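See below for target.cif, which holds mmCIF, C-alpha atoms (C1' of nucleotides) and all ligand atoms.
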```
data_start
loop_
_atom_site.label_atom_id
_atom_site.label_comp_id
_atom_site.auth_asym_id
_atom_site.auth_seq_id
_atom_site.Cartn_x
_atom_site.Cartn_y
_atom_site.Cartn_z
CA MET A 1 32.81 0.00 82.23
CA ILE A 2 29.32 -1.49 82.39
CA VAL A 3 28.91 -5.15 83.25
CA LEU A 4 25.73 -7.05 82.63
CA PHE A 5 25.62 -10.33 84.52
CA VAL A 6 23.12 -13.01 83.54
CA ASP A 7 22.06 -15.75 85.89
CA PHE A 8 19.48 -18.40 84.82
CA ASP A 9 16.90 -18.99 87.59
CA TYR A 10 16.94 -22.38 89.41
CA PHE A 11 18.34 -23.61 86.13
CA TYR A 12 18.20 -27.39 86.25
CA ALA A 13 14.70 -27.44 87.68
CA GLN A 14 13.47 -24.75 85.29
CA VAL A 15 14.79 -26.75 82.35
CA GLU A 16 12.93 -29.82 83.53
CA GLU A 17 9.93 -27.47 83.74
CA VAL A 18 10.51 -26.39 80.13
CA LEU A 19 10.84 -30.00 79.00
CA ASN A 20 7.63 -30.85 80.89
CA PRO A 21 5.46 -27.73 81.47
CA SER A 22 2.85 -29.63 83.48
CA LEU A 23 5.47 -29.28 86.25
CA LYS A 24 5.04 -25.49 86.51
CA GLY A 25 3.79 -24.39 89.91
CA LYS A 26 4.65 -27.72 91.57
CA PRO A 27 7.69 -28.19 93.86
CA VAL A 28 10.39 -29.52 91.51
CA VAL A 29 13.52 -31.08 92.99
CA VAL A 30 16.37 -32.08 90.71
CA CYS A 31 18.48 -34.67 92.46
CA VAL A 32 21.75 -36.47 92.04
CA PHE A 33 21.07 -39.99 93.34
CA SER A 34 24.18 -41.73 94.70
CA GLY A 35 22.82 -45.29 94.68
CA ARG A 36 24.15 -46.22 98.13
CA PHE A 37 20.53 -46.77 99.19
CA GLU A 38 16.98 -45.73 98.33
CA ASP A 39 17.02 -41.95 97.92
CA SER A 40 20.67 -41.64 98.93
CA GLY A 41 22.10 -38.49 97.42
CA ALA A 42 21.72 -34.73 97.45
CA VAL A 43 19.59 -32.06 95.85
CA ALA A 44 21.42 -30.41 92.95
CA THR A 45 18.75 -27.70 92.65
CA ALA A 46 15.08 -27.04 93.35
CA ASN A 47 12.64 -24.50 91.92
CA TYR A 48 11.44 -21.73 94.27
CA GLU A 49 8.28 -23.50 95.18
CA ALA A 50 10.39 -26.21 96.80
CA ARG A 51 12.89 -23.69 98.16
CA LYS A 52 10.38 -21.70 100.16
CA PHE A 53 10.05 -24.82 102.28
CA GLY A 54 13.75 -25.29 102.84
CA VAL A 55 14.31 -27.79 100.06
CA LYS A 56 17.47 -26.45 98.43
CA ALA A 57 20.75 -27.58 96.89
CA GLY A 58 23.03 -29.57 99.13
CA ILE A 59 20.44 -31.09 101.45
CA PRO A 60 20.03 -34.87 101.27
CA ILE A 61 17.23 -36.13 99.08
CA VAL A 62 15.96 -37.90 102.20
CA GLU A 63 15.56 -34.62 104.11
CA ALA A 64 13.82 -33.00 101.16
CA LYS A 65 11.34 -35.84 100.91
CA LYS A 66 10.51 -35.55 104.62
CA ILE A 67 9.83 -31.85 104.10
CA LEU A 68 8.07 -32.25 100.75
CA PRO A 69 6.97 -35.87 100.24
CA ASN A 70 4.83 -34.90 97.25
CA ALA A 71 7.22 -32.71 95.29
CA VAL A 72 8.48 -33.90 91.92
CA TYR A 73 11.90 -35.49 92.27
CA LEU A 74 13.87 -35.80 89.06
CA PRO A 75 17.31 -37.25 88.34
CA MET A 76 19.73 -34.57 87.18
CA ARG A 77 20.31 -34.57 83.40
CA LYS A 78 23.48 -32.50 83.10
CA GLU A 79 23.87 -33.05 79.33
CA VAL A 80 20.41 -31.64 78.67
CA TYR A 81 20.96 -28.59 80.84
CA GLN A 82 24.34 -27.98 79.18
CA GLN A 83 22.95 -28.07 75.67
CA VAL A 84 20.18 -25.71 76.77
CA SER A 85 22.75 -23.51 78.46
CA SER A 86 24.94 -23.40 75.33
CA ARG A 87 22.00 -22.10 73.32
CA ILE A 88 21.35 -19.35 75.79
CA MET A 89 25.03 -18.36 75.81
CA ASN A 90 25.01 -18.08 72.00
CA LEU A 91 21.91 -15.93 72.35
CA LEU A 92 23.79 -13.63 74.78
CA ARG A 93 26.84 -13.75 72.56
CA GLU A 94 25.01 -11.53 70.06
CA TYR A 95 24.56 -8.81 72.72
CA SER A 96 28.07 -8.45 73.65
CA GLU A 97 31.12 -9.46 71.99
CA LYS A 98 32.82 -9.61 75.22
CA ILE A 99 31.42 -12.43 77.28
CA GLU A 100 32.62 -14.47 80.14
CA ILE A 101 30.74 -17.74 80.50
CA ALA A 102 31.44 -18.28 84.20
CA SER A 103 29.48 -21.54 84.38
CA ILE A 104 26.59 -23.54 83.00
CA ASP A 105 24.13 -20.86 84.06
CA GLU A 106 26.14 -17.67 84.47
CA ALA A 107 27.73 -15.23 82.07
CA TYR A 108 29.07 -11.68 82.29
CA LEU A 109 28.74 -9.29 79.38
CA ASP A 110 30.93 -6.24 78.94
CA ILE A 111 28.35 -3.96 77.32
CA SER A 112 30.44 -0.82 77.77
CA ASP A 113 30.27 -0.14 74.02
CA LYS A 114 26.89 -1.58 73.05
CA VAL A 115 25.45 0.76 75.67
CA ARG A 116 26.13 4.00 77.53
CA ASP A 117 24.64 4.86 80.93
CA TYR A 118 22.65 2.40 83.08
CA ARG A 119 19.26 3.26 81.55
CA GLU A 120 20.31 1.73 78.24
CA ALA A 121 22.02 -1.14 80.06
CA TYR A 122 18.83 -1.84 82.03
CA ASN A 123 16.78 -1.76 78.82
CA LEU A 124 19.31 -4.12 77.26
CA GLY A 125 18.77 -6.35 80.26
CA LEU A 126 15.07 -6.55 79.50
CA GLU A 127 15.89 -7.14 75.84
CA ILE A 128 18.05 -10.09 76.93
CA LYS A 129 15.47 -11.29 79.46
CA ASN A 130 12.63 -11.19 76.95
CA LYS A 131 14.83 -12.78 74.30
CA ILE A 132 15.83 -15.75 76.47
CA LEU A 133 12.29 -16.29 77.73
CA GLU A 134 11.08 -16.03 74.14
CA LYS A 135 13.48 -18.42 72.44
CA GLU A 136 14.05 -20.77 75.38
CA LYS A 137 11.26 -20.04 77.84
CA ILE A 138 13.95 -19.61 80.47
CA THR A 139 13.62 -16.81 82.99
CA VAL A 140 16.88 -15.28 84.16
CA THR A 141 17.93 -12.58 86.59
CA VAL A 142 20.10 -9.77 85.31
CA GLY A 143 22.56 -7.85 87.42
CA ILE A 144 24.14 -4.61 86.21
CA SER A 145 26.94 -2.53 87.69
CA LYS A 146 30.48 -1.26 87.14
CA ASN A 147 32.24 -4.63 87.58
CA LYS A 148 31.57 -8.37 87.58
CA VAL A 149 31.42 -8.57 91.36
CA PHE A 150 28.68 -6.03 91.89
CA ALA A 151 26.94 -7.08 88.70
CA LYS A 152 26.79 -10.56 90.26
CA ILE A 153 25.74 -9.14 93.64
CA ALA A 154 22.99 -7.25 91.84
CA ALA A 155 21.68 -10.48 90.36
CA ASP A 156 21.92 -12.08 93.83
CA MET A 157 19.57 -9.45 95.20
CA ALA A 158 17.18 -9.40 92.24
CA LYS A 159 16.65 -13.13 91.66
CA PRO A 160 14.48 -14.81 90.75
CA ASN A 161 13.40 -13.45 87.36
CA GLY A 162 14.55 -9.96 88.16
CA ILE A 163 16.88 -7.27 86.94
CA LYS A 164 18.83 -4.82 89.05
CA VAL A 165 21.35 -2.10 88.49
CA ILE A 166 23.78 -1.17 91.23
CA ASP A 167 24.86 2.39 90.50
CA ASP A 168 28.14 3.83 91.76
CA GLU A 169 26.26 5.48 94.59
CA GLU A 170 24.92 2.17 95.88
CA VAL A 171 28.30 0.52 95.33
CA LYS A 172 29.62 2.76 98.11
CA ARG A 173 26.61 2.01 100.31
CA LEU A 174 27.09 -1.76 99.94
CA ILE A 175 30.82 -1.49 100.51
CA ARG A 176 30.03 -0.53 104.09
CA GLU A 177 26.64 -2.15 104.59
CA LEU A 178 26.83 -5.46 102.69
CA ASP A 179 27.68 -8.47 104.84
CA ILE A 180 31.09 -9.48 103.52
CA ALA A 181 29.82 -13.05 103.45
CA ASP A 182 27.54 -11.96 100.59
CA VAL A 183 30.57 -11.06 98.50
CA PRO A 184 31.24 -13.55 95.66
CA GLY A 185 34.20 -15.78 96.39
CA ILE A 186 33.78 -15.45 100.12
CA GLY A 187 32.50 -18.80 101.34
CA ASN A 188 31.89 -20.01 104.87
CA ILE A 189 35.56 -20.75 105.56
CA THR A 190 36.70 -17.31 104.47
CA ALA A 191 33.65 -15.55 105.96
CA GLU A 192 34.55 -16.96 109.40
CA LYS A 193 38.22 -16.06 109.06
CA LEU A 194 37.21 -12.48 108.30
CA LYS A 195 34.76 -12.43 111.21
CA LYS A 196 37.61 -13.37 113.57
CA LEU A 197 39.58 -10.41 112.23
CA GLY A 198 36.75 -7.99 112.86
CA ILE A 199 35.78 -7.74 109.20
CA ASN A 200 32.00 -8.01 108.72
CA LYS A 201 31.78 -5.44 105.96
CA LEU A 202 33.93 -4.87 102.92
CA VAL A 203 35.00 -1.49 104.10
CA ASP A 204 36.30 -3.10 107.39
CA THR A 205 39.07 -4.76 105.32
CA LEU A 206 40.65 -1.31 105.34
CA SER A 207 40.94 -1.42 109.11
CA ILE A 208 43.41 -4.30 109.01
CA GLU A 209 47.09 -4.33 108.11
CA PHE A 210 47.34 -5.84 104.62
CA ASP A 211 49.90 -8.41 105.75
CA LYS A 212 47.65 -9.52 108.58
CA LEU A 213 44.85 -9.92 106.04
CA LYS A 214 47.16 -11.69 103.60
CA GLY A 215 48.29 -13.93 106.42
CA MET A 216 44.71 -14.86 107.30
CA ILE A 217 42.94 -15.26 103.94
CA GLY A 218 45.79 -15.27 101.45
CA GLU A 219 47.23 -12.54 99.26
CA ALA A 220 45.00 -13.08 96.24
CA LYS A 221 41.86 -12.96 98.38
CA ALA A 222 43.24 -10.00 100.37
CA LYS A 223 44.02 -7.91 97.28
CA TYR A 224 40.61 -8.85 95.89
CA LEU A 225 38.63 -7.70 98.95
CA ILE A 226 40.79 -4.58 99.39
CA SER A 227 40.35 -3.52 95.77
CA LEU A 228 36.56 -3.84 96.12
CA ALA A 229 36.47 -2.00 99.43
CA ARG A 230 38.36 0.84 97.74
CA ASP A 231 35.84 0.66 94.91
CA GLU A 232 38.77 -0.19 92.63
CA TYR A 233 38.01 -3.78 91.55
CA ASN A 234 38.00 -3.80 87.77
CA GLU A 235 38.70 -7.25 86.34
CA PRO A 236 37.96 -7.67 82.63
CA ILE A 237 35.27 -9.89 81.15
CA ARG A 238 36.76 -12.95 79.46
CA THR A 239 35.55 -16.54 79.38
CA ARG A 240 38.19 -18.75 80.95
CA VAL A 241 39.34 -21.83 79.06
CA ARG A 242 38.50 -25.36 80.26
CA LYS A 243 41.74 -26.33 81.99
CA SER A 244 40.60 -29.68 83.34
CA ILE A 245 38.11 -32.46 82.62
CA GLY A 246 37.19 -35.21 85.01
CA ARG A 247 34.56 -37.42 86.55
CA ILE A 248 34.07 -38.67 90.10
CA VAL A 249 31.57 -41.35 91.04
CA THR A 250 30.13 -42.60 94.31
CA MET A 251 30.50 -46.30 95.08
CA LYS A 252 27.65 -48.45 96.42
CA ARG A 253 29.75 -49.06 99.52
CA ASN A 254 32.94 -47.55 100.90
CA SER A 255 35.97 -49.64 100.07
CA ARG A 256 39.71 -50.11 100.30
CA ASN A 257 39.71 -53.05 97.92
CA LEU A 258 41.56 -52.27 94.69
CA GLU A 259 39.54 -54.71 92.57
CA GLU A 260 36.34 -53.32 94.06
CA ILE A 261 37.27 -49.74 93.23
CA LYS A 262 38.73 -50.23 89.73
CA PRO A 263 35.40 -50.62 87.89
CA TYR A 264 34.25 -47.28 89.27
CA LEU A 265 37.60 -45.66 88.49
CA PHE A 266 37.62 -47.08 84.98
CA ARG A 267 34.09 -45.83 84.31
CA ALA A 268 35.26 -42.43 85.54
CA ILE A 269 38.16 -42.58 83.11
CA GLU A 270 35.96 -43.73 80.23
CA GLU A 271 33.50 -40.87 80.66
CA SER A 272 36.32 -38.40 81.18
CA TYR A 273 37.79 -39.43 77.84
CA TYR A 274 34.50 -39.12 76.01
CA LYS A 275 34.26 -35.62 77.48
CA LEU A 276 37.86 -34.55 76.40
CA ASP A 277 37.19 -34.24 72.77
CA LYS A 278 39.96 -34.33 70.64
CA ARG A 279 41.76 -32.67 73.67
CA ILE A 280 44.83 -34.63 74.97
CA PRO A 281 45.80 -34.28 78.64
CA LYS A 282 49.40 -34.47 79.88
CA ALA A 283 48.38 -34.60 83.54
CA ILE A 284 46.19 -37.07 85.37
CA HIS A 285 44.97 -37.04 88.93
CA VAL A 286 43.10 -39.75 90.76
CA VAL A 287 40.73 -38.17 93.26
CA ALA A 288 39.10 -40.04 96.09
CA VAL A 289 36.56 -38.88 98.62
CA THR A 290 37.36 -40.72 101.87
CA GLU A 291 34.68 -42.17 104.14
CA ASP A 292 34.78 -39.04 106.28
CA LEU A 293 34.07 -37.00 103.15
CA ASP A 294 37.66 -35.83 102.97
CA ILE A 295 39.12 -35.41 99.48
CA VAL A 296 42.54 -36.82 98.67
CA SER A 297 44.38 -37.01 95.35
CA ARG A 298 47.47 -38.29 93.62
CA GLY A 299 48.45 -37.15 90.19
CA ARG A 300 51.14 -37.20 87.60
CA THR A 301 52.19 -35.02 84.72
CA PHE A 302 53.78 -36.72 81.71
CA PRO A 303 56.04 -35.01 79.16
CA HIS A 304 53.51 -36.03 76.50
CA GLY A 305 49.78 -36.65 76.14
CA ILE A 306 48.04 -39.52 77.93
CA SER A 307 46.49 -42.33 75.91
CA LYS A 308 43.53 -44.13 77.49
CA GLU A 309 45.74 -47.17 78.07
CA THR A 310 48.32 -45.01 79.87
CA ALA A 311 45.49 -43.40 81.87
CA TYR A 312 44.02 -46.76 82.83
CA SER A 313 47.45 -47.89 84.00
CA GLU A 314 48.64 -44.73 85.77
CA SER A 315 45.32 -44.29 87.53
CA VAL A 316 45.73 -47.73 89.11
CA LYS A 317 49.18 -46.75 90.35
CA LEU A 318 47.78 -43.44 91.67
CA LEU A 319 44.92 -45.24 93.40
CA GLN A 320 47.37 -47.65 95.04
CA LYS A 321 49.36 -44.65 96.17
CA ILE A 322 46.20 -43.20 97.74
CA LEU A 323 45.27 -46.44 99.53
CA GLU A 324 48.92 -46.88 100.55
CA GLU A 325 49.22 -43.36 101.99
CA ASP A 326 45.75 -42.96 103.53
CA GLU A 327 44.04 -45.47 105.84
CA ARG A 328 40.38 -44.40 105.46
CA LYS A 329 37.97 -46.34 103.27
CA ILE A 330 37.12 -44.70 99.94
CA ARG A 331 33.60 -43.42 99.31
CA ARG A 332 33.88 -41.71 95.92
CA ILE A 333 36.54 -42.25 93.26
CA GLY A 334 37.43 -40.50 90.06
CA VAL A 335 39.95 -38.85 87.80
CA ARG A 336 40.79 -35.45 86.42
CA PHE A 337 42.75 -34.76 83.24
CA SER A 338 44.52 -31.44 82.72
CA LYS A 339 47.41 -29.66 80.97
CA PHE A 340 45.89 -30.27 77.57
CA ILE A 341 48.20 -30.21 74.60
"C1'" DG B 1 67.53 -15.69 97.08
"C1'" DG B 2 64.30 -16.85 93.86
"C1'" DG B 3 62.39 -18.41 89.18
"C1'" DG B 4 59.38 -22.38 87.56
"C1'" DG B 5 57.25 -26.75 88.00
"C1'" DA B 6 54.78 -29.98 90.05
"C1'" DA B 7 52.09 -31.97 93.73
"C1'" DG B 8 48.46 -32.26 97.23
"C1'" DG B 9 45.11 -29.70 99.63
"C1'" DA B 10 41.93 -25.69 100.55
"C1'" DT B 11 37.88 -23.03 98.86
"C1'" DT B 12 34.19 -21.55 96.25
"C1'" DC B 13 30.17 -21.71 93.31
"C1'" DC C 1 23.65 -37.78 104.94
"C1'" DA C 2 25.95 -34.64 101.74
"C1'" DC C 3 26.67 -35.04 94.76
"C1'" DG C 4 32.23 -30.61 88.12
"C1'" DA C 5 36.01 -27.31 87.83
"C1'" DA C 6 38.65 -22.90 88.67
"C1'" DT C 7 41.58 -20.48 91.27
"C1'" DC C 8 44.51 -20.07 95.08
"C1'" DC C 9 47.85 -21.73 98.56
"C1'" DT C 10 51.39 -23.75 100.56
"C1'" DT C 11 55.31 -27.22 100.25
"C1'" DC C 12 58.92 -29.35 97.86
"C1'" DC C 13 62.33 -29.49 94.61
"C1'" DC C 14 65.66 -28.47 90.98
"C1'" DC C 15 69.08 -25.21 90.21
"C1'" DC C 16 71.43 -20.97 88.80
CA CA D 1 24.36 -18.87 89.60
CA CA D 2 21.22 -19.64 88.64
CA CA D 3 28.76 -16.25 100.96
#
```
Here is a file; write its structure as structure tokens.
Amino acid sequence: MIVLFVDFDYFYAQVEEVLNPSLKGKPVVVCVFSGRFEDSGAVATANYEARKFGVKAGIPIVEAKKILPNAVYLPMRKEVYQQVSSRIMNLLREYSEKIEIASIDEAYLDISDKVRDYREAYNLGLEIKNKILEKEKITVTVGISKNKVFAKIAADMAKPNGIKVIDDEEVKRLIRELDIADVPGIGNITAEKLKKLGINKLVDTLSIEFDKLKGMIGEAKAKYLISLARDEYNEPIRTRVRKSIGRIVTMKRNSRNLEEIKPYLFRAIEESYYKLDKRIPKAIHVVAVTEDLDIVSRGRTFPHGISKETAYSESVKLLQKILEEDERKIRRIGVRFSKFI
DNA sequence: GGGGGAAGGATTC
DNA sequence: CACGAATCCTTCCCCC
């Protein structure tokens, strides 16, 4: 099996660059402004020019501006990036018939048939790279290997605007030399748990008793890491189906006042419904981000679909449940709809 | 003992 | 100061 992973470079920022080419070469910082105060919010993404100075996703817009006061700061336009993304996916869709659109800027292609051997895969990568740059002016990094994980890891090492193949010989090398933190799906929480177990490399996961591993990072994560360390990971390429739709907004000020929160919650619901399509959810969750940035939620599954009126009403009950069962003030509030009919 | 949901939280990208 | 969604997990519960 040959997997070709495609990852659009600094996507949001690059799109803004495509929509306004005079931006090229300048530090471009796409931000999600929260509205709690001038420049409150975080950086969603930044082009590499901004990144080489530490301005990256997750840092507050205020910290980025102190580092790069003259960069171009743009409000994130999710809808625009999604439409652009959809076009690129369609473009890729004609290269493989087997595609897994992992997110707005990532997709895996099972080109096991379309190609044979990594030379032809590599060449196909360039075909895809040139095609995307041609029709959309979007540079992407391509990762190629035997499975999604290493295909993704290949892209991680080749970005930006690169292409890399990780042959079966290197797979083995990385299995014992790649920091396990750099393995997809292993975040800081898991990375630390593995460090405390003596696992710093994928192969080290073979030094632990499975049940001890399972006990520490969960069975699913244990079997995942083990399979990769044995060079046996082989999950198929298949785009998952949207299982939930929601929206969560940040309030101007933290609150515990029902009437003060409702408007935000209702706006969340309204946008969530517009997003749903003709899709009808049977489950609804009200999600709140507490003042200490903790996330709490209360939901309910109905035996039928949820009309907007029912949503408006149940969400208020769920929000009252949250306030009733958690003392903290609420910073962000929203809803998530799932279990579509 | 354990299937099968549902619920609330943990994690990751 | 810090802004959508999938899986996975663990807990609880109904119940055969
Ligand atoms: Ca990515
Ligand atoms: Ca990317
Ligand atoms: Ca990591």
Nearby residues (all atoms listed in the file) at most 12 Å from residue B:3, same-chain spacing under 5 positions excluded, as an mmCIF file with C-alpha atoms (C1' of nucleotides), in the coordinates of the input:
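The result, written out as part03.cif:
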```
data_model
loop_
_atom_site.group_PDB
_atom_site.id
_atom_site.type_symbol
_atom_site.label_atom_id
_atom_site.label_comp_id
_atom_site.auth_asym_id
_atom_site.auth_seq_id
_atom_site.Cartn_x
_atom_site.Cartn_y
_atom_site.Cartn_z
ATOM 1 C "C1'" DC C 14 65.660 -28.470 90.980
ATOM 2 C "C1'" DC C 15 69.080 -25.210 90.210
ATOM 3 C "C1'" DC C 16 71.430 -20.970 88.800
#
```
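For the pair atom CA of residue A:296 and atom CA of residue A:46, the separation is 29.6 Å.
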Exercise answer, chain B residues close to chain A, 10 Å and all atoms listed in the file, as a PyMOL selection string: chain B and resi 6-13
- prompt: Which is closer to chain C than all the others in A:117, A:309, A:291, A:270, using all atoms listed in the file?
  reply: A:291
statement: re atom CA of residue A:45 and atom CA of residue A:13: distance 6.4 Å
- prompt: Can you find the residues with an atom no farther than 10 Å from (37.8, 1.6, 105.9), counting only C-alpha atoms (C1' of nucleotides), and report them as a count of residues only?
  reply: 13
Distance query 12 Å from (66.7, -20.7, 100.5) using only C-alpha atoms (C1' of nucleotides), result as a compact mmCIF listing (two decimals) with C-alpha atoms (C1' of nucleotides), in the coordinates of the input:
```txt
# COMPACT_ATOMS: atom_id res chain seq x y z
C1' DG B 1 67.53 -15.69 97.08
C1' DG B 2 64.30 -16.85 93.86
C1' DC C 12 58.92 -29.35 97.86
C1' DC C 13 62.33 -29.49 94.61
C1' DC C 15 69.08 -25.21 90.21
```
message: Could you tell me which residues of chain A sit within 10 Å of chain C when counting only C-alpha atoms (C1' of nucleotides), and give me the result as JSON, numbers by chain?
response: {"A": [31, 32, 33, 34, 40, 41, 42, 43, 44, 57, 58, 59, 60, 61, 62, 63, 102, 103, 217, 218, 219, 220, 221, 240, 241, 242, 243, 244, 245, 246, 247, 248, 249, 250, 293, 332, 336]}
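Neighbouring residues of ligand CA 2 (chain D) at a cut-off of 9 Å, counting all atoms listed in the file, are residues 6, 7, 8, 9, 10, 11, 12, 104, 105, 106, 140, 141, 159 and 160 of chain A.
Note that atom CA of residue A:261 and atom CA of residue A:292 are 17.1 Å apart.
Nearest residue to ligand CA 3 (chain D) among A:1, A:323, A:101, A:191 is A:191, counting all atoms listed in the file.
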Fill-in result for stretch 167-181 of chain A, N, CA and C atoms as a PDB file, keeping the file's coordinate frame:
```
ATOM      1  N   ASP A 167      24.135   1.203  90.934  1.00  0.00           N
ATOM      2  CA  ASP A 167      24.860   2.390  90.500  1.00  0.00           C
ATOM      3  C   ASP A 167      26.000   2.679  91.463  1.00  0.00           C
ATOM      4  N   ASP A 168      26.963   3.457  90.984  1.00  0.00           N
ATOM      5  CA  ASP A 168      28.140   3.830  91.760  1.00  0.00           C
ATOM      6  C   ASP A 168      27.825   4.390  93.131  1.00  0.00           C
ATOM      7  N   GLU A 169      26.628   4.935  93.298  1.00  0.00           N
ATOM      8  CA  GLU A 169      26.260   5.480  94.590  1.00  0.00           C
ATOM      9  C   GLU A 169      25.949   4.340  95.545  1.00  0.00           C
ATOM     10  N   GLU A 170      25.259   3.320  95.044  1.00  0.00           N
ATOM     11  CA  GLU A 170      24.920   2.170  95.880  1.00  0.00           C
ATOM     12  C   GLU A 170      26.149   1.302  96.136  1.00  0.00           C
ATOM     13  N   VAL A 171      27.074   1.285  95.180  1.00  0.00           N
ATOM     14  CA  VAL A 171      28.300   0.520  95.330  1.00  0.00           C
ATOM     15  C   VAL A 171      28.946   0.911  96.657  1.00  0.00           C
ATOM     16  N   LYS A 172      29.030   2.220  96.893  1.00  0.00           N
ATOM     17  CA  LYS A 172      29.620   2.760  98.110  1.00  0.00           C
ATOM     18  C   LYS A 172      28.810   2.340  99.333  1.00  0.00           C
ATOM     19  N   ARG A 173      27.488   2.390  99.212  1.00  0.00           N
ATOM     20  CA  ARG A 173      26.610   2.010 100.310  1.00  0.00           C
ATOM     21  C   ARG A 173      26.846   0.551 100.716  1.00  0.00           C
ATOM     22  N   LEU A 174      26.884  -0.326  99.714  1.00  0.00           N
ATOM     23  CA  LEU A 174      27.090  -1.760  99.940  1.00  0.00           C
ATOM     24  C   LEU A 174      28.476  -2.053 100.490  1.00  0.00           C
ATOM     25  N   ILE A 175      29.464  -1.286 100.042  1.00  0.00           N
ATOM     26  CA  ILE A 175      30.820  -1.490 100.510  1.00  0.00           C
ATOM     27  C   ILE A 175      30.909  -1.376 102.033  1.00  0.00           C
ATOM     28  N   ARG A 176      29.982  -0.649 102.648  1.00  0.00           N
ATOM     29  CA  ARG A 176      30.030  -0.530 104.090  1.00  0.00           C
ATOM     30  C   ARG A 176      28.836  -1.186 104.761  1.00  0.00           C
ATOM     31  N   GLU A 177      27.808  -1.519 103.991  1.00  0.00           N
ATOM     32  CA  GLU A 177      26.640  -2.150 104.590  1.00  0.00           C
ATOM     33  C   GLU A 177      26.370  -3.605 104.184  1.00  0.00           C
ATOM     34  N   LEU A 178      27.037  -4.085 103.140  1.00  0.00           N
ATOM     35  CA  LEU A 178      26.830  -5.460 102.690  1.00  0.00           C
ATOM     36  C   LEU A 178      27.638  -6.449 103.521  1.00  0.00           C
ATOM     37  N   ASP A 179      26.970  -7.463 104.064  1.00  0.00           N
ATOM     38  CA  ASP A 179      27.680  -8.470 104.840  1.00  0.00           C
ATOM     39  C   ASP A 179      28.761  -8.979 103.892  1.00  0.00           C
ATOM     40  N   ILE A 180      29.997  -9.041 104.369  1.00  0.00           N
ATOM     41  CA  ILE A 180      31.090  -9.480 103.520  1.00  0.00           C
ATOM     42  C   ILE A 180      30.917 -10.931 103.059  1.00  0.00           C
ATOM     43  N   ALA A 181      30.095 -11.671 103.795  1.00  0.00           N
ATOM     44  CA  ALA A 181      29.820 -13.050 103.450  1.00  0.00           C
ATOM     45  C   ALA A 181      29.106 -13.029 102.106  1.00  0.00           C
TER      46      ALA A 181
END
```
